[PDB]
Amino acid sequence: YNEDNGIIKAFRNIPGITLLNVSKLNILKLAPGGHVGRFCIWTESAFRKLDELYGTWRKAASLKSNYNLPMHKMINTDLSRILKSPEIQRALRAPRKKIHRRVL
Amino acid sequence: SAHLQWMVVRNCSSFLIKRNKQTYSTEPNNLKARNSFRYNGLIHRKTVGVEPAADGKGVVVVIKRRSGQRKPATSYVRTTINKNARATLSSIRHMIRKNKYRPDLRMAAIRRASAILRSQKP
Amino acid sequence: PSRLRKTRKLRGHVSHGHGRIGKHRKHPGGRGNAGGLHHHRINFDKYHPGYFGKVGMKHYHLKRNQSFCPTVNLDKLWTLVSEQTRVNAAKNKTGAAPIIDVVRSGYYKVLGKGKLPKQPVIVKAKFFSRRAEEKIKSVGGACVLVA
Amino acid sequence: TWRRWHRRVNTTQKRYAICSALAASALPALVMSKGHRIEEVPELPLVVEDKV
Amino acid sequence: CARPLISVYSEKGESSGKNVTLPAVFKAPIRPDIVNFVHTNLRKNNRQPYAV
Amino acid sequence: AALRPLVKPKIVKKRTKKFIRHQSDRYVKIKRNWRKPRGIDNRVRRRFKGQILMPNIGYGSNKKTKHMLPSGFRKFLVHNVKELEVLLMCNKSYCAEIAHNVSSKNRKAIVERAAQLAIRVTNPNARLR
Amino acid sequence: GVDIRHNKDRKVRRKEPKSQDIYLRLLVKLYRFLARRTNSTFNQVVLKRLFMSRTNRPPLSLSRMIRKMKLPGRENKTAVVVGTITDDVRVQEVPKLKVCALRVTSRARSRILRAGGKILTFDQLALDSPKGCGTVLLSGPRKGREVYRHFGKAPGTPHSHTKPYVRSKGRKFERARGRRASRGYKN
Amino acid sequence: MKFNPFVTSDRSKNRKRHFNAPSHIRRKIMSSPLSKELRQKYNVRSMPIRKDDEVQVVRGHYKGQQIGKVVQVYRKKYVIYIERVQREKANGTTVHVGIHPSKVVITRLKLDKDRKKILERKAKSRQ
RNA sequence: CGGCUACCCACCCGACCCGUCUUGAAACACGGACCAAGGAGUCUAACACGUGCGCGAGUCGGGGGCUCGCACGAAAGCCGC
RNA sequence: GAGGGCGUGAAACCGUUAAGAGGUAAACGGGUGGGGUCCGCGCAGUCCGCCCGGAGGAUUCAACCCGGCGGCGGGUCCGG
Ligand SMILES: [Mg+2]
Ligand SMILES: [Mg+2]
Ligand SMILES: [Mg+2]
Ligand SMILES: [Mg+2]
Ligand SMILES: [Mg+2]
Ligand SMILES: [Mg+2]
Ligand SMILES: [Mg+2]
Ligand SMILES: [Mg+2]
Ligand SMILES: [Mg+2]
Ligand SMILES: [Mg+2]
Ligand SMILES: [Mg+2]
Ligand SMILES: [Mg+2]
Ligand SMILES: [Mg+2]
Ligand SMILES: [Mg+2]
Ligand SMILES: [Mg+2]
Ligand SMILES: [Mg+2]
């Protein structure tokens, strides 16, 4: 959430829950245990303020000064799609599948 | 992003049981037990799985919708089939083969349905 | 990371990775840099040539404050000022030139390098090498001193 | 008591990890593979009203 | 870059007409090395001298 | 006569002795666990005949039949119903075995669910009333 | 006994890339597939340079990557770099050229697009040129790495030209005995 | 969740203050709940105990519907003694049996001026 | 009826008591009566090199300041005139 | 089988019972044999699963269409 107004008093003692602001994020809260992918519930003003706070790849972040979004290594990365697109399979040798085991 | 999700989930994920020997994926919509890539239920855009009906009679089949991801309330559409075991085995064969939807894992769905029907009968 | 340390793997061996015969005791050769003339000269010479002796005049109370003269090259000389200026001043405007003041950026002495484009400029610095002065008069700009 | 307890991370990596964790929170197959229960939950990135 | 819409769920749980475009942080790359590394070093930051 | 799994051959073990530590017979402050003798004089390291045999990679068992019970299954430990139901697909090669700290009240429910799913449980009749 | 020949068959090559990075592992999967299904040696070299470590993928500079494409016959050929690209501050004017490389920096992408170019990543490079037709592979300055100016037979004895280790390059630090003729000897 | 910086979550300090609290705190610790009809009548959850109440046991070996009178209160042992609850020894001498006052339901009070004042403070604070 | 087993016994052959200094140990070389618990390459600074990550001719906030007094907050976040 | 230094009670060691053994001090490794405790197996009656040809009843699919929902796959990129 952003703009604290009393949501902390409401959600505070429901057990196991985490209440956490936008402009002060935590890796220790957004990925507890060093595993990625913690479930999250957002808010309207928070979810609008995210793109102001980190930007797109086209415009820089406005609230954080020198920071852009990261570079992206593989642009499209469905490996099955890439291998079964015709541009690769035009240029493949052959499926060689005879086993040719040991002959006594 | 299926391979990204696989390179994150293939180790260090939840479920995953490694106990005295080999790994058992134990995903809650899976065909076989093997933590493998072809037999994956969470990650793929198109997935097939079977489960027992809570009534006790018949086999329910869960097929992923493909119409929208990021919406798991509607992502899995479920049907119930209660037949003479041969008509339901042929029915799941038709529903896999005559659709484009996962031409692999025919026999995974078939063997799991066959085992659950034999376990269900006496 | 004691679990990744070598020492946890080295258990069960008697000498713990220092030999039975040699026996790492306390301080075999000495301490620190013992024997710089006497018995480590084959290391000190052949691995640190010049370690012993005096060379220069003795200068007392030196300040690294009076001799402060950073350098800037004719490669870097453009990007002290935004590239919009060199584009507009290079778009055949008139005989005029932009003034690039390196003392604003924090550089006192302009050294010469290569590749100065033909676009004429005016550079203000405290010091100039005759290389860079020749390069500026060759591209057609001028040298200006300050104080 | 002078053991090197605290460690410093670069701020760009501190922000990179936040971006990576938020990006991993968007995919449904990742977060079910941690152990939450999103089986009967609407959309992944939940966004309620400001009345909350 | 594919930027879908997200429908804002009301407090009753029904999707309203209000829609916010998904920000690019939910399209950022996903790096478990860097998440695990920075998580380790921040856990090292969260402790005291301890029984000496 | 329970379930009779798939084709399991005549297993060979290459030695069935679980090799003893040198001079563990002479003392009782040396437990029976193997440990590589690294002495400078030790006859076990010098491999004199008539002394004990060091374990090494030659004694290893066949990869076809590694971790095989004599009944013909490979063992797999289990605590409860879901981890029993993971073996619903592969029962004819992998037997289940209920952990030691499972109580009897849940243990009989596990063995009953295993009897429905036809999965071999190697200790089914222990800890009952 | 069999071989009185020594044992030194096991080559010290890098089979799996030692990094744990997921995107690099996926590129390894794809280019290993291409190197065993296409029989083009370009795929072999790209696969080995993807295996290769952080040091031996040194960053290309934009001016050198311009100069190697200003050579006669390489205008339409895409300059492919394994490793990263740094933007250069030296040169002013950049031509149109297409570059496929890992992790191009922000200012370098900026001035390539200001020149009007097109960059690509290796998935797009595979979808365009699987045998790598019309591609020129470039390499970075490995010996320009500053650690390689400490390595020689000595730091001083047959002139050696190899920069001894010292704290601060001034007077009174390693200048006196054996570096000048009036004090003892000279090299 | 604890929000004061001047009260302990600490197990050692809590057990130590518990087993060494003096008598005028041990009175507050040895407290009993009132029966639900009496809490309807008086609007108060709990009270300290004294020598002269009428007491029913809710759990133990001695359970249910035996409304007897307390006789002694060992605050040193955190134990009250009830008049009906007995047990013989080997030698045929009866002895009271220890009941902690959390397992105790009060059915009648002893009315006194300070008990009226405490009861009125409870009702006024519950408001 | 089948059974390996750290059960016991029989028999044939091999079979010297371990640790270390040592060119040489079964040594008429030294230490060890037996058993349980404790018991030894840690930490900091500095340097060199290899490795992994981020940014890139830059990079680094490790010193301060900024946020409401909230367990986890001695955290985390931000500064860039 | 918690009896006032009293939870759990290991080893060295000792007593007793049960088994076996005894001239080259005892102990060990390889190889077997004999006995014992105990496990499994049902003890010349133990194999199972599928398909096909035969002897019974009891059900209702299916083949065919109607009705309905959901999903697959493509097209005018129609409608946006
Ligand atoms: Mg060794
Ligand atoms: Mg030494
Ligand atoms: Mg020797
Ligand atoms: Mg040989
Ligand atoms: Mg050798
Ligand atoms: Mg304490
Ligand atoms: Mg000596
Ligand atoms: Mg001698
Ligand atoms: Mg010896
Ligand atoms: Mg001795
Ligand atoms: Mg002695
Ligand atoms: Mg110990
Ligand atoms: Mg380094
Ligand atoms: Mg006890
Ligand atoms: Mg006791
Ligand atoms: Mg006898």
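Reconstructed Cβ throughout: ideal geometry from the backbone, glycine too, with neighbour counts over all protein chains shown. What follows draws every value from the coordinates through simple rules; no lab data is involved.
For region A:56-104, which positions are among the hydroxyl-bearing types (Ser, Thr, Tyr) and either surrounded by 14 or more Cβ atoms within 10 Å (Cβ to Cβ) or within 19 Å of E:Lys27 (Cβ to Cβ) (or both)? Explain how you work it out, then say what you get.
To start, the set of residues in region A:56-104 that are among the hydroxyl-bearing types (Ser, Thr, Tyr) comprises A:56, A:62, A:65, A:67, A:77, A:80, A:85.
A:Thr56, A:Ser62, A:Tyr67, A:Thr77, listed by residue number.
As an exercise: evaluate G:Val91 against (1) within 10 Å of chain A (Cβ to nearest Cβ); (2) touching a helix residue (DSSP H, G or I) at 6+ places or on another chain (Cβ under 9 Å); (3) surrounded by fewer than 17 Cβ atoms within 10 Å (Cβ to Cβ) and give the number of the one condition it does not meet.
The number of the failed condition is (1).
Here are the criteria: (1) more than 16 Å from RNA strand I (Cβ to nearest atom); (2) in contact (Cβ under 8 Å) with a residue 60 or more places away in the chain. Tell me which single one G:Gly144 does not satisfy.
Every condition holds for G:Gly144 apart from (1).
Looking at region A:27-47 only, could you name the residues that are in contact with a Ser or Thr (Cβ under 8 Å, 6 or more places away or on another chain) and surrounded by fewer than 20 Cβ atoms within 10 Å (Cβ to Cβ)?
Scanning region A:27-47 gives A:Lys29, A:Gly34, A:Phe39, A:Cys40.
Examine region B:24-40 for a residue that is farther than 30 Å from A:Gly34 by Cα and away from every other protein chain (no Cβ under 11 Å), and state whether such a residue exists. Spell out the reasoning first.
Pass one, region B:24-40, residues farther than 30 Å from A:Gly34 by Cα: none.
No, because not a single residue in region B:24-40 is farther than 30 Å from A:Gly34 by Cα and away from every other protein chain (no Cβ under 11 Å).
Out of the residues in region G:139-162 that are within 21 Å of the chain's Cα centre (by Cα) and of a type in the set (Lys, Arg), state the one that is nearest to the other protein chains (Cβ to nearest Cβ).
Applying the first criterion (within 21 Å of the chain's Cα centre (by Cα)) to region G:139-162 yields G:139-151.
Within this subset, residues satisfying the condition of being of a type in the set (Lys, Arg) are G:142-143, G:145, G:149.
Numbers: G:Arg142: 23, G:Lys143: 22, G:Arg145: 21, G:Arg149: 16 Å.
Applying the filter and picking the extreme gives G:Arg149.
Counting only residues that are more than 12 Å from every other protein chain (Cβ to nearest Cβ) and hydroxyl-bearing (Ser, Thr, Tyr), how many does region B:84-122 have?
4
Hey, could you check region F:38-80 for residues that are aromatic (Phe, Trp, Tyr) and in contact (Cβ under 8 Å) with a residue 24 or more places away in the chain and say which is farthest from ligand 2 (Cβ to nearest atom)? Step through it out loud before you land on a result.
Start the filter on region F:38-80 by keeping residues that are aromatic (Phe, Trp, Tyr), which leaves F:48, F:59, F:73, F:76.
Then drop every residue that is not in contact (Cβ under 8 Å) with a residue 24 or more places away in the chain, which leaves F:59, F:73.
Details: F:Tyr59: 38, F:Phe73: 56 Å.
It comes out as F:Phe73.
Out of (1) within 14 Å of RNA strand J (Cβ to nearest atom); (2) within 14 Å of chain B (Cβ to nearest Cβ); (3) in a loop (DSSP other than H, G, I, E, B); (4) touching a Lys or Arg at 6+ places or on another chain (Cβ under 8 Å), what's the single condition that is false for F:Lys92?
The single condition F:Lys92 does not satisfy is (4).
For region G:3-13, indicate whether the set of residues that are over 28 Å from C:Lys113 (Cα atoms), within 14 Å of chain A (Cβ to nearest Cβ) and among the hydrophobic types (A, V, I, L, M, F, W, C) is non-empty. If you could, list the steps in order and put the result at the bottom.
Narrowing region G:3-13 to residues over 28 Å from C:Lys113 (Cα atoms): G:3-13.
Pick out the ones that are also within 14 Å of chain A (Cβ to nearest Cβ) and you get none.
Among the residues of region G:3-13, not one is over 28 Å from C:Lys113 (Cα atoms), within 14 Å of chain A (Cβ to nearest Cβ) and among the hydrophobic types (A, V, I, L, M, F, W, C), which makes the answer no.
Residue under question is H:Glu88, and the condition is that it be out of contact with any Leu (no Cβ under 9 Å at 6 or more places or on another chain) and more than 17 Å from H:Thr107 (Cα to Cα); does it hold? Full working, then the answer.
Values: out of contact with any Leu (no Cβ under 9 Å at 6 or more places or on another chain): yes; more than 17 Å from H:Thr107 (Cα to Cα): yes.
When the stated conditions are applied, H:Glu88 passes them.
Spot the failing condition for G:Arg183; the list is (1) free of Cβ contacts under 8 Å to residues at least 60 places away in the same chain; (2) outside any loop (DSSP other than H, G, I, E, B), and only one is missed.
Of the numbered conditions (1) free of Cβ contacts under 8 Å to residues at least 60 places away in the same chain; (2) outside any loop (DSSP other than H, G, I, E, B), the odd one out for G:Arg183 is (2).
Do we have any residue at all in region C:9-16 that's in contact with a helix residue (DSSP H, G or I) (Cβ under 9 Å, 6 or more places away or on another chain), within 30 Å of F:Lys36 (Cβ to Cβ) and not charged (D, E, K, R)?
Residues of region C:9-16 that are in contact with a helix residue (DSSP H, G or I) (Cβ under 9 Å, 6 or more places away or on another chain), as a first pass: C:16.
Restricting the remaining residues to those that are within 30 Å of F:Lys36 (Cβ to Cβ) gives C:16.
Adding the requirement that they be not charged (D, E, K, R) leaves C:16.
Looking through region C:9-16, at least one residue is in contact with a helix residue (DSSP H, G or I) (Cβ under 9 Å, 6 or more places away or on another chain), within 30 Å of F:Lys36 (Cβ to Cβ) and not charged (D, E, K, R).
Pick from region H:1-28 the residues that are in a loop (DSSP other than H, G, I, E, B) and either over 29 Å from A:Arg12 (Cα atoms) or in contact with a strand residue (DSSP E or B) (Cβ under 7 Å, 6 or more places away or on another chain) (or both): which of them is farthest from ligand 9 (Cβ to nearest atom)? Even if it seems obvious, please write down each step before you answer.
Taking region H:1-28 as the starting set, the residues that turn out to be in a loop (DSSP other than H, G, I, E, B) are H:1-10, H:20-22.
Of the ones still in play, those that are also either over 29 Å from A:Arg12 (Cα atoms) or in contact with a strand residue (DSSP E or B) (Cβ under 7 Å, 6 or more places away or on another chain) (or both) are H:20-22.
Details: H:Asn20: 63, H:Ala21: 68, H:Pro22: 71 Å.
Restricting to residues being in a loop (DSSP other than H, G, I, E, B) and either over 29 Å from A:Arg12 (Cα atoms) or in contact with a strand residue (DSSP E or B) (Cβ under 7 Å, 6 or more places away or on another chain) (or both), the top hit is H:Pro22.
Each row is one residue, and each column tells you yes or no for (1) away from ligand 6 (no atom under 16 Å from the Cβ); (2) within 15 Å of H:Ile106 (Cα to Cα); (3) away from chain A (no Cβ under 14 Å).
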residue	(1), (2), (3)
H:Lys2	no, no, no
H:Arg11	no, no, yes
H:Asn14	no, no, yes
H:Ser46	yes, yes, yes
H:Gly64	yes, yes, yes
H:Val71	yes, yes, yes
H:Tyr74	yes, no, yes
H:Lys77	yes, no, yes
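Are any residues in region F:39-66 in a loop (DSSP other than H, G, I, E, B) and either under 29 Å from B:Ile110 (Cβ atoms) or within 16 Å of ligand 9 (Cβ to nearest atom) (or both), and if so, which ones?
F:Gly39, F:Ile40, F:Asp41, F:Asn42, F:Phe48, F:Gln51, F:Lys64
Which residues, counting only those in region D:25-37, are buried (at least 16 other Cβ atoms within 10 Å of the Cβ) and either assigned to a loop (DSSP other than H, G, I, E, B) or of a type in the set (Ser, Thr, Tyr) (or both)? Break it down stepwise before answering.
Going residue by residue through region D:25-37, those that are buried (at least 16 other Cβ atoms within 10 Å of the Cβ) are D:25-34.
Once the filter is applied, which keeps residues that are buried (at least 16 other Cβ atoms within 10 Å of the Cβ) and either assigned to a loop (DSSP other than H, G, I, E, B) or of a type in the set (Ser, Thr, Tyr) (or both), region D:25-37 yields D:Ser25, D:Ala26, D:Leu27, D:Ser33, D:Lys34.
So for region C:63-74 (the condition being among the charged types (D, E, K, R) and within 28 Å of C:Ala125 (Cα to Cα)), does at least one residue qualify? Step through it out loud before you land on a result.
Step one: list which residues in region C:63-74 are among the charged types (D, E, K, R), which gives C:63-64.
Retained after the next criterion (residues that are within 28 Å of C:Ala125 (Cα to Cα)): C:63-64.
Scanning region C:63-74 turns up at least one residue that is among the charged types (D, E, K, R) and within 28 Å of C:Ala125 (Cα to Cα).
Can we say G:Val99 is away from chain A (no Cβ under 11 Å) and crowded, with 18+ Cβ neighbours inside 10 Å?
On the way: away from chain A (no Cβ under 11 Å): yes; crowded, with 18+ Cβ neighbours inside 10 Å: yes.
In short, yes.
Considering only helices (runs of 4 or more DSSP H) fully contained in region A:1-82, which possess at least 2 residues that are at the interface with another protein chain (Cβ under 10 Å from one of its Cβ atoms) and of a type in the set (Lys, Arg)?
Numbers: elements: A:7-11, A:27-30, A:44-54.
Counting at least 2 such residues, we get A:44-54.
Given the residues C:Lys46, C:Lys58, C:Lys23, which is the only one that is more than 16 Å from RNA strand J (Cβ to nearest atom), closer than 28 Å to G:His161 by Cβ and of a type in the set (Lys, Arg)?
Values: C:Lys58 fails: closer than 28 Å to G:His161 by Cβ; C:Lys23 fails: closer than 28 Å to G:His161 by Cβ.
Answer to the selection: C:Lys46.
Could you please give the count of residues in region C:7-26 that are more than 7 Å from RNA strand I (Cβ to nearest atom) and not in a loop (DSSP other than H, G, I, E, B)?
2
I need the full set of residues from region E:2-39 which are in contact with a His (Cβ under 9 Å, 6 or more places away or on another chain) and at the interface with chain A (Cβ under 8 Å from one of its Cβ atoms), in order please. Spell out the reasoning first.
Our first condition is that a residue be in contact with a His (Cβ under 9 Å, 6 or more places away or on another chain); within region E:2-39, this holds for E:27-29, E:32, E:35-36, E:39.
Of everything in region E:2-39, those that are in contact with a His (Cβ under 9 Å, 6 or more places away or on another chain) and at the interface with chain A (Cβ under 8 Å from one of its Cβ atoms) turn out to be E:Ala28, E:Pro29, E:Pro32, E:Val35, E:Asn36, E:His39.
Out of curiosity, is F:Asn33 out of contact with any helix residue (DSSP H, G or I) (no Cβ under 9 Å at 6 or more places or on another chain), within 12 Å of another protein chain (Cβ to nearest Cβ) and within 15 Å of RNA strand J (Cβ to nearest atom)? Let's see the steps before the verdict.
On the way: out of contact with any helix residue (DSSP H, G or I) (no Cβ under 9 Å at 6 or more places or on another chain): yes; within 12 Å of another protein chain (Cβ to nearest Cβ): no; within 15 Å of RNA strand J (Cβ to nearest atom): yes.
For F:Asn33, the condition - out of contact with any helix residue (DSSP H, G or I) (no Cβ under 9 Å at 6 or more places or on another chain), within 12 Å of another protein chain (Cβ to nearest Cβ) and within 15 Å of RNA strand J (Cβ to nearest atom) - is not met.
Only one residue in H:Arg59, H:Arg115 is charged (D, E, K, R) and assigned to a helix (DSSP H, G or I), so which one is that?
Values: H:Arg59 fails: assigned to a helix (DSSP H, G or I).
Matching residue, one of H:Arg59, H:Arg115: H:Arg115.
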